[PDB]
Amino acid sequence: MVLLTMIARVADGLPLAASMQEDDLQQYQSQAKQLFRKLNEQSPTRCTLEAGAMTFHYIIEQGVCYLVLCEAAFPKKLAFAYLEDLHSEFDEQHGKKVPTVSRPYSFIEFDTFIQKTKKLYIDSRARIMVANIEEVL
């Protein structure tokens, strides 16, 4: 029921936008970058990974991956709707510049929309595949 969001280009795994708040982050950020390296043009477009007490959720659109991490108790129904809101906004604002950039995190300023959308889902008073992540890694 917490936060970890990353947006990366599927081809080379190039990060595009992310957002993290702690007050660990070092292990699940590696596994996130492991997955971005493994994803290709044959990977499932929508999937959910189990990592014990944590659970990854991602979608893939226009060669761009939208990954989110949360505790396994977080509703998988809400996790995909959160990635859909990010995709439609990111594709509408930067969907045509993605295959041209080469810097890591060329869209850091997407940090703003990620966090204002993030709070609309981590609050109950505001209202596909499954595989163990250790297999894909």
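Just count from 1 along the sequence shown to find any residue number.
- Where the other entries of this protein model the residues before and after it, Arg127 is dropped from at least a third of them.
- Just going by the entry, 2-10 versus 128-136 on mean CA temperature factor gives the higher value to 128-136.
- The deposited model assigns a higher average Cα B-factor to 80-88 than to the other stretch when 80-88 and 59-67 are compared.
- Among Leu35, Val101, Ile108, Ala72, the highest C-alpha B-factor recorded in the PDB entry belongs to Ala72.
- The PDB entry assigns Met20 a C-alpha temperature factor belonging to the highest third of its chain's modelled residues.
- In the PDB entry, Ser43 places in the lowest third of its chain by CA B-factor.
- Per the deposited record, the Cα B-factor of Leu120 falls in the middle third when ranked against the other modelled residues of its chain.
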